[PDB]
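Undergrad: Below are the structure tokens for one structure; questions will follow.
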Amino acid sequence: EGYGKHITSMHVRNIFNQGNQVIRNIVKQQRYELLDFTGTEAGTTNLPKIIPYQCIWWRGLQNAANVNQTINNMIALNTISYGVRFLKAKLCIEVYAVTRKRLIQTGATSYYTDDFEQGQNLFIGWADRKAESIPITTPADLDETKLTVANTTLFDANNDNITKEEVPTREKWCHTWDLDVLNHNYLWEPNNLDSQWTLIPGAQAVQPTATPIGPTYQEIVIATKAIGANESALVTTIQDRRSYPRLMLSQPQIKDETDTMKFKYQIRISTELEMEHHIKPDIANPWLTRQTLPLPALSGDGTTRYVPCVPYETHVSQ
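Heads up, the authors' numbering is the position in the sequence shown plus 48, with the first residue counted as 1.
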């Protein structure tokens with residue numbers, strides 16, 4: 049018998065883990081940006097300005113210069129992680145200033161000037177009553193400033209469907225999503241989120257026929273995975289339905305002597321998406337993908353992509 053101080057008989061011991069380790073990263077993006085309803089150019093128009101939180105721009109793809117390190121952390125962790133679960137998403141819009149171009153006419157100059165409105169607000173619209181979609185072409189289109197849809201508005205005199213929440217200056221609007229829909233201990237494939245036509249977790253059973261997504265929107269997923277040419281994994285899980293109504297920013301519609309008085313806003317968009325990275329285990333186990341199903345994405349040859357914004361889910365008594 050060994051007399052050492054630390055001596056103890058061997059219990060069955062293997063230190064290598066099974067993947068129980070979880071890093072709980074957050075990916076933050078914080079942006080002070082312009083909302084311009086004045087101009088005639090693209091997203092500067094009077095049209096509402098969409099927030100495509102379905103398109104998982106939380107990465108901050110709409111520009112390459114907004115990458116912070118939280119991404120650079122996510123990019124790394126996705127290298128060492130077999131799977132991920134997004135357990136929260138926190139969106140907060142601050143309204144610092146409000147501004148509107150007043151029209152001035154002198155000597156047929158017909159120039160403009162800007163005025164502060166402390167009494168008007170920023171209307172945050174929801175599609176919650178209607179079914180709508182977001183056209184997507186390039187990551188740039190994910191910019192919530194310059195993103196628009198033609199002939200769309202938050203104000204329809206015939207029927208007003210939108211659910212609206214007005215944000216004054218010196219006031220913030222913070223909405224939060226719970227993005228862990230995956231029961232039975234399934235996870236999301238690691239993604240560095242370099243694709244705009246990729247989408248957010250949650251099950252909107254709708255998918256465009258022109259861009260068939262596959263099962264991952266189903267409330268029950270029936271899917272397969274390659275895991276090499278020799279093997280295949282059958283990924284099968286339940287995930288709760290989720291409805292992500294189109295989130296639209298807009299000014300009030302003020303009929304003015306000429307054409308619907310225009311405002312412009314200064315806001316700070318604060319986005320922190322919370323991710324739990326389940327790191328790859330100490331030993332290679334490619335078959336862990338049996339627990340992972342890819343992030344939903346719009347697959348197709350087209351240059352443009354229409355994401356379902358589907359507003360809501362009826363609740364039936366049971």
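Where is the CB? At the ideal position from N, CA and C, for every residue including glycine.
Please state whether the Cβ-Cβ distance between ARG294 and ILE98 is less than 9 Å.
TA: In the sequence shown, residue 294 corresponds to position 246, counting from 1. In the sequence shown, residue 98 corresponds to position 50, counting from 1. Yes, Cβ-Cβ distance for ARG294 and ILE98 is below 9 Å.
Undergrad: In whole angstroms, what is the alpha-carbon distance linking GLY87 and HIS326?
TA: Here the question's residue 87 lines up with position 39 in the sequence shown. Here the question's residue 326 lines up with position 278 in the sequence shown. Cα to Cα, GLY87 sits roughly 46 Å from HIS326.
Undergrad: Identify the continuous alpha helix (DSSP H) that holds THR200 and give its terminal residues.
TA: Numbered from its first residue, the sequence shown carries residue 200 at position 152. Careful: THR200 lies outside any alpha helix (DSSP H) and carries neither H nor E.
Undergrad: Using CA coordinates, which residue listed in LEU135, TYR313 and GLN78 is at the minimum distance from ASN233?
TA: On the sequence shown, residue 233 is found 185 positions in, with the first residue counted as 1. Considering only alpha carbons, the answer is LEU135.
Undergrad: As a quick exercise: from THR154, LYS149 and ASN169, pick the residue whose alpha carbon is nearest that of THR161.
TA: What you label residue 161 is simply residue 113 of the sequence shown in a count that begins at 1. Of the listed residues, the one whose Cα sits closest to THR161 is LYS149.
Undergrad: Closer than 6 Å by C-beta to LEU336: which residues in its own chain qualify, once you throw out the five before and the five after it? Chain order, please.
TA: Counting from one through the sequence shown, the residue named residue 336 turns up at place 288. Taken in chain order, the residues that qualify are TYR130.
Undergrad: Thinking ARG290 and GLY348 are a contact (beta carbons under 8 Å), I'd like their distance in whole angstroms, please.
TA: In the sequence shown, the residue the question calls residue 290 occupies position 242. In the sequence shown, the residue the question calls residue 348 occupies position 300. The C-beta separation of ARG290 from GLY348 comes to about 22 Å, leaving the pair out of contact by the 8 Å criterion.
Undergrad: What is the DSSP secondary structure of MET122, counted as helix, strand or coil?
TA: Locating residue 122 in the sequence shown gives position 74, where the first residue counts as 1. Helix.
Undergrad: Measuring CB to CB, does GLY91 end up less than 9 Å from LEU195?
TA: On the sequence shown, position 43 is the one that residue 91 refers to. On the sequence shown, position 147 is the one that residue 195 refers to. For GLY91 and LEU195, yes; Cβs fall inside 9 Å.
Undergrad: Could you have a look at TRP105 and say whether DSSP puts it in helix, strand or coil?
TA: Here residue 105 refers to the residue found at position 57 of the sequence shown. Residue state, collapsed to three classes: helix.
Undergrad: To the nearest angstrom, report how far apart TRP221 and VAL215 are at their CA atoms.
TA: To locate residue 221, count along the sequence shown from 1; it is residue 173. To locate residue 215, count along the sequence shown from 1; it is residue 167. C-alpha of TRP221 to C-alpha of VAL215: approximately 7 Å in a straight line.
Undergrad: Residues in the same chain with beta-carbon distance under 6 Å from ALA271, minus the five sequence neighbours each way, listed in chain order, please.
TA: Along the sequence shown, read from residue 1 onward, the residue named residue 271 stands at position 223. Same-chain partners within the cutoff: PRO263, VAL283 and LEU341.
Undergrad: Tell me which same chain residues have a C-beta within less than 8 Å of the C-beta of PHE171, skipping the five on either side of it?
TA: For the purposes of this step, residue 171 is taken as residue 123 along the sequence shown, with counting starting at 1. Within the same chain, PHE171 has close Cβ partners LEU202, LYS212, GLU213, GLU214, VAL215, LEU297, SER298, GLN299 and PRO300.
Undergrad: Taking only the alpha-carbon atoms, compute the straight-line gap between residue 27 and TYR292 and give it to the nearest angstrom.
TA: No statement about residue 27 is possible, as the shown extent of the chain runs from 49 to 366 and does not include it.
Undergrad: Helix, strand or coil for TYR160 per DSSP?
TA: Counting from 1 along the sequence shown, the entry for residue 160 is found at position 112. Residue state, collapsed to three classes: strand.
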